[PDB]
Amino acid sequence: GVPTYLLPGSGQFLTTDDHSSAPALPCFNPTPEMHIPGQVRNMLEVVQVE
Amino acid sequence: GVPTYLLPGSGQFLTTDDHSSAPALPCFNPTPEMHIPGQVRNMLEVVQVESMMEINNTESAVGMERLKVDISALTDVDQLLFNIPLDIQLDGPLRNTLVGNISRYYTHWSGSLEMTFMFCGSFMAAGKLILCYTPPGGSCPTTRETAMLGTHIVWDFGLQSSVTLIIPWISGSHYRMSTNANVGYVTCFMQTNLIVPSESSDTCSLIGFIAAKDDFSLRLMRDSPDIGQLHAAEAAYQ
Amino acid sequence: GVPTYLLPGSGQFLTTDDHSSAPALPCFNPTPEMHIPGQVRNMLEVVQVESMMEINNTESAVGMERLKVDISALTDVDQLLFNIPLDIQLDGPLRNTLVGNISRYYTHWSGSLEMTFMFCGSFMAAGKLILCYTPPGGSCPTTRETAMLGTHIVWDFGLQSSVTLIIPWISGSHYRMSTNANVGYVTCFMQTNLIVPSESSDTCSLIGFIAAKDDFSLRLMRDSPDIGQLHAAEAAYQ
Amino acid sequence: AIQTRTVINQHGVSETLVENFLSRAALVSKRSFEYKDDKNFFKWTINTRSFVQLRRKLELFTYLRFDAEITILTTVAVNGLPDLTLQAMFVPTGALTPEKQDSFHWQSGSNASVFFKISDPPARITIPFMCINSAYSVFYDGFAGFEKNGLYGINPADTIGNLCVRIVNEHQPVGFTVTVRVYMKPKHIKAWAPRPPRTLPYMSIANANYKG
Amino acid sequence: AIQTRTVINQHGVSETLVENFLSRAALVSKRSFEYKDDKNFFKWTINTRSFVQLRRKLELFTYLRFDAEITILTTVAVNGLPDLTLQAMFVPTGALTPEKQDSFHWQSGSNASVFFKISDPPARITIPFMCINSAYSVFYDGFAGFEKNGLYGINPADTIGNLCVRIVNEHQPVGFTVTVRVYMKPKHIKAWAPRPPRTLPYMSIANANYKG
Amino acid sequence: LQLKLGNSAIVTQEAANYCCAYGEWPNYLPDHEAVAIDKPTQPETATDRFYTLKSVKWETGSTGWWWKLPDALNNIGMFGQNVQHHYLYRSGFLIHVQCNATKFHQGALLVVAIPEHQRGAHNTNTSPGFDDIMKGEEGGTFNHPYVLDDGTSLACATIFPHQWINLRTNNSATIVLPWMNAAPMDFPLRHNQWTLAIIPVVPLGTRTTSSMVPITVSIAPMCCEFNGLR
């Protein structure tokens, strides 16, 4: 097997973590993306409007 | 060693996970695969097979009576024979079909359907029917003249025993926040009388079929509501 | 570090797992391998060796008497000598053999077998036997004439002391939901009388052998039912 | 009731794959047994006909070839909670099933035993395709035997085996209740010859009798 | 009884490999011992002849060369459960076996000790091929010595060693029972000169006497 | 066109198109699947012929008919003699169903071949016995054809290999059945691979209250093997 050891911070839930999780429903294909007008990619695009 | 840390979701049993497990018996070679006829790889292959509709939309009709609509002298000019609400979910002609049963395993369905009506009178029985299609939103016709104003088929069954009609795109779903209800109708009216010779039977019957087409699709698998829950249950434990 | 999560089945001890473990003594060099004669790499190498059948199918025969069938003047014309039910599992001539014992470690077996009968009379003892093969399903013959109508060997043992016969494909299994039972028979009848000179013994004996062939196969290893369970047991603890 | 509708945007056939249609971990068995040292241990003949909704899904086919991914999810409740070792032993056809908690069949060198604790993740093993034939007969138009009610619909080559679960621990002064939930996920599924769905309620486990 | 039959579709020789025929984790020892601070600890001379079914499988051969994968599965029961450290110490031939729980032989710098808790997965080590010869003598047509009952069938080069298991913890106000199950899986197996199976029941562990 | 097979021949004038069940034509057991009983023997003709059953009377109150294969043939001719002497078999089937009606009769038949039609009984917990299943050449009658006597539906029975006989358009039906089993050989006296069901979806009719149509079933074993015996 693989010799492992747990670090400090193992088993914690940080609310800002960036980890993939288990898909609850894989084999579910979501509705495909459609072009909707006015896509926001940056909140500074909003702030530059008078 | 390897420095590791456990994630949120460690040690959980999700019932939809895709992880290999320990083989309980490796070095066991299973029985090899043999070619068996009729392999199913997709449940849409099942749904594209025609199956009989309960086009007799009358209650007190039970069993074999529900699969056929009788026409006779009791059917007049301009007379309504059957009305098929295009509902996979609800109780109607499409409920006990292969396209009704397999689609109740899924939440969202989508696609064209394929009706086929077969006249099963005698060889010399003649007459005309108006098979209508009413789209979703539209009102079902109540007269033969309103029927002819829509999308329709003037079907002479005197020589052509079978007629088929593409149903363009019904596509209902399931809602909890409530049904789809009215998504379309197939309606039949008597254009003429039934004309039979005096040695053929007075009464002649129609049967209907429904299949899905290749554009038909199903999504978000659920539990089918059809059979719910018996004998010799606790025999597999003693 | 490495983001990890534990699976269902973590921390279990499956008795059939295939995982390396910690060496208790590394830097210990074991004794090197020496060539020893007769290495077994496959248990089917054991099963393909002939071993004596208990062809004496009579009870009250014990020990050495069971391995031989006597023929004499007490054996008449058209007289049944032995009947070998082709059952590896059940009590019969094939139970205490190398093909019977090793196959009871497995659940499903399959393949051809190899019978050999050796006449062990005197040099001038003469006579004929009909060694029959009855396939599975078929009834065992009770007369010498029904015996000759099947697959058979008219064996003159006056000069040929050994005869061998391929058993085509018995292949039984184990069932719990019940046995295989009848899967075939090897049956022997007296075609002639035993003809011995007046200085040879009146009584002459046959012995039988069974081996498996190269198409023989075993599957789904289990515990053998043969020996169950004593003295000086708790000496390995004190 | 209120009636609604939505424009449905779908494309693709992948969710109606028979692998996707059938491979989910379904609850196939659930028993309680008390423990104070087939009573006092879990024994279950591994079938697919205990619950009617997995039964109706699999009876959409005539033949099925699959491996079974068995997950065993044991919870305890006293009559806190001690950490107990459980043995789950898959007893195939041709092996001998235990009848006691302390029987010698639990010492099986040849049966697949898994030893696991309550505090662990749930025990999970894959039972292979165990049949003598190429597929399991979901339906069987035949008899298991001919001698005086060898029953109809029973195939001798359909028996997976038994799933026997006990508590490896000995008797304790506390008494407690062990609930064993068994979850099966069929894997590597091939299916043949699809059938009409059952429209009437099941009456028995062993057959296809109908009340109407 | 009911009698059945199935068309059997088999091909291959891989399951009757002697590695596959013999490498399974078999229960080779099981003892209870009480604890209140060879009584009060587990000591087992590592043989293969404790249980008759592994004995009859290995006595299908004359010579065996294998590594032993020892798994130790300890359960506790009080007379909840505290988490206790156990020491399992493999004492080879030539080392000295403990006779007490608190003996100085448990402090062995040279014996392979494994320290493990109850809450852990079961302790697992691989004892190597320990023999002075190239194979273990399953049978030995000789004597261990010549001076006044140096016993028959005993080979001085067959001794694996002892598996000594104690509780590293000290005495507690609670009294409890420790059951030590030892599982052995032979590994990297070579076998030589196959033998007839035993047909009669065993009478003793130390010999091949038969009652008939 | 004649269906000529052996010393049997079905000599008709009209027969349009067969149904090939699951698209599979019956072939002999291939030389990689026969690891079993060595070289399963083939009479090649002696069984492979039409066995024309006793005709059934279709009337207005007919619920339908069924024959189980090979149980319908296990006591008929050289097929049924080989069933009693052999232990294993493998066969496909050619089934020809024919109606004798005039142009004044009406009615539709679903002629459906069901693989492993395990039957249920009605309003009981006991399984069907031996005499409720193994009817032989006479066959059985559907008690509840709407559920196919197994709790399912007749409406969805076109998922199986099937043919329609609508007496306007046709009076005959041909289904070609391959070998349908999870094993390559099987045991003909105690397991059935196919059930030929003939069910009137639209009942029979003419005016004079006693309308009656002959239905004739001709079953030919195709590629019929058996174990060696020598």
Side-chain angles (χ1 to χ4, degrees), chain A residues 1-7 9-13 17-27, chain B residues 1-26, chain C residues 1-22, chain D residues 19-20 22-29 66-76 83-90 112-128 163 165 180-189, chain E residues 25 71 73 116-117 119-124:
Chain A
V2 176
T4 61
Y5 60 95
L6 296 177
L7 293 178
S10 176
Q12 76 186 4
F13 166 57
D17 57 355
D18 194 68
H19 299 291
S20 66
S21 61
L25 296 170
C27 85
Chain B
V2 176
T4 61
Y5 60 95
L6 296 177
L7 293 178
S10 176
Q12 76 186 4
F13 166 57
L14 177 65
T15 59
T16 63
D17 57 355
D18 194 68
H19 299 291
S20 65
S21 61
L25 296 170
Chain C
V2 176
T4 61
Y5 60 95
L6 296 177
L7 293 178
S10 176
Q12 76 186 4
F13 166 57
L14 177 65
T15 59
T16 63
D17 57 355
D18 194 68
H19 299 291
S20 66
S21 61
Chain D
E19 184 69 25
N20 297 322
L22 295 174
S23 299
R24 303 276 184 89
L27 185 66
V28 289
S29 182
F66 61 92
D67 297 326
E69 190 185 9
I70 302 296
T71 305
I72 296 164
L73 193 148
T74 296
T75 58
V76 289
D83 196 4
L84 298 164
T85 301
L86 282 82
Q87 181 183 359
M89 186 173 66
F90 172 60
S113 298
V114 55
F115 289 90
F116 62 98
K117 289 185 261 74
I118 304 167
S119 66
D120 285 339
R124 182 183 282 169
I125 54 163
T126 302
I127 294 171
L163 182 59
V165 179
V180 176
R181 287 173 177 83
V182 177
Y183 288 85
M184 187 193 78
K185 183 173 184 175
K187 286 174 70 177
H188 298 285
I189 300 166
Chain E
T71 305
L73 193 148
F116 62 98
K117 289 185 261 74
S119 66
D120 285 339
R124 182 183 282 169

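Chain naming here is simple, since letters A, B, ... match the order of the sequence lines and numbering starts at 1 in each.
- In this view, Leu7(C) and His19(B), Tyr5(C) satisfy the side chain to side chain contact (heavy atoms under 4.5 Å, CB included) rule, not counting sequence neighbours.
- Residues meeting the salt bridge (charged side-chain N to carboxylate O under 4.0 Å, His left out) test with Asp120(E), sequence neighbours left out: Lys117(E).
- By the side chain to side chain donor-acceptor pair (under 3.5 Å) test, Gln87(D) is found to be paired with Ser113(D), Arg166(D), residues two or more places apart in sequence or in another chain being considered.
- Put simply, the side chain of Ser10(A) gets close to the backbone of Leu6(B): a donor and an acceptor are under 3.5 Å apart.
- Remark: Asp67(D) engages no residue in a side chain to side chain donor-acceptor pair (under 3.5 Å) (not counting sequence neighbours).
- Remark: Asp17(C) engages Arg124(E) in a side chain to side chain donor-acceptor pair (under 3.5 Å) (not counting sequence neighbours).
- Residue pairs satisfying the salt bridge (charged side-chain N to carboxylate O under 4.0 Å, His left out) criterion with at least one member in residues 2-12 of chain B, sequence neighbours excluded, are absent.
- By the side chain to side chain contact (heavy atoms under 4.5 Å, CB included) test, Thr4(A) pairs with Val2(A), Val2(B), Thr4(B), sequence neighbours left out.
- The minimum heavy-atom distance between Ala112(D) and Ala24(B), with the atom names listed, is CB-O, 3.3 Å.
- By the side chain to side chain donor-acceptor pair (under 3.5 Å) test, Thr74(D) pairs with no residue at all, sequence neighbours left out.
- The shortest distance between side-chain heavy atoms of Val165(D) and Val182(D) does not fall below 4.5 Å.
- Applying the ring pair (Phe, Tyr, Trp, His ring centres under 6.0 Å) rule to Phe115(D) yields the partners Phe13(C), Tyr183(E); only residues at least two apart in sequence or on another chain are considered.
- Not counting sequence neighbours, the partners of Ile118(D) by the side chain to side chain contact (heavy atoms under 4.5 Å, CB included) test are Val76(D), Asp83(D), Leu84(D), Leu86(D).
- Taking the side chain to side chain contact (heavy atoms under 4.5 Å, CB included) definition, one finds that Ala22(C) meets it with nothing, sequence neighbours left out.
- Side-chain N or O atoms of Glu69(D) include none that pairs as donor or acceptor with a backbone N or O of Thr126(D) at under 3.5 Å.
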